[PDB]
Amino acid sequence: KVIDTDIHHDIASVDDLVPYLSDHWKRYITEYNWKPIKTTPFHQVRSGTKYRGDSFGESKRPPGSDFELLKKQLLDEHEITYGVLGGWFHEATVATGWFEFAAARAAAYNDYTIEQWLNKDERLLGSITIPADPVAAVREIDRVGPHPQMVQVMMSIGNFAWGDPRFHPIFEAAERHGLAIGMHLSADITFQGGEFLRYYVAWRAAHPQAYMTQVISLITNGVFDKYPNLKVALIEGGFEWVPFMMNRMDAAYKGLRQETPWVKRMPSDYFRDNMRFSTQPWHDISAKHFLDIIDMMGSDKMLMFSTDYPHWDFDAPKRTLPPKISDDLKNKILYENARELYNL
């Protein structure tokens, strides 16, 4: 009855990666003291920062890194049929130097998911962590993509556009392996002139813009005309802006499609046929206003559920959707739209 499309399991220590790195790269952790950097100059102004208070546990363990707490607190407690692990490994994809090392960690992150998460539970599905280098990412996708519980290539949203023709081999590898594209913000997003907007509360209100840029980038570069069977899940960008983007791009393309002649359809088509959007973070939306938005969308196949466990704005699956919506809709958003996406 419910498929969770955004779960952030984690490593509890950078040392969890040493057992999967070649001996060259083991040194960067053991001897050269490599730690992952995040560039966001701010965070949630609350105790427990980005997490639920009850996700840390008693062993001082980073939330999301304890498999057993994941099982109890989320999979069992909230009756999850299938959870799509997102990871907390975006750092390797949005890395700004040491790209060779970054590719090594990508493979290392995926070994850790397969061996310490996917293989320990049938309800867990995985996303492939990739470096941004298209050659290495195709090489990683070919490596762990054949895995049966691997459903998604994770294109972490950074300060570049995935739909650029340089990354087109990565989409082809994912279609050649029956995978969807997941897309989730990273913490490094900046905006015009590269500024962070001074406050986390402002940065948080802005970052759906980066999601919007990626859908424009996928559509205008003809990614969906080249691979019309590829689907892309936008995870945690919201969805209330979606009818606006559909209308704007349709109107833009009615006058000017000759600039990108490889785009054969109307942009709102690729929204219905090739893209899914998570409902998290859910905000109090009346059932009248929610149904308006579905109607402005022209489909009920486009929304999916996610909890974002273990993050502070966690959404519980029986407490989020407006109660007055049809059970048919309720089941499509809670289960069917995702199940179709992941061939589940």
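Start at 1 with the first residue shown and count on from there.
When the two stretches 201 to 209 and 147 to 155 are set side by side, the higher mean Cα temperature factor goes to 147 to 155. Legend: mean Cα B-factor per stretch from the PDB entry, 174 to 182 versus 241 to 249; the higher mean is in 174 to 182. The PDB entry assigns its highest CA temperature factor, among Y51, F277, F42, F290, to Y51. Taking only the listed residues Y82, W262, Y270, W98, the entry reports the highest CA temperature factor at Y82.
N229: CA B factor in the middle third of modelled residues in this chain (values from the PDB entry). Annotation for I216: C-alpha temperature factor in the lowest third relative to the rest of the modelled chain, per the entry. When the CA B factors of the chain's modelled residues are split into thirds, the value for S286 lands in the middle one. The entry lists a Cα temperature factor for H90 that places it in the lowest third of the chain's modelled residues. When the modelled residues of the chain are ordered by their C-alpha B factor, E140 lands in the middle third.
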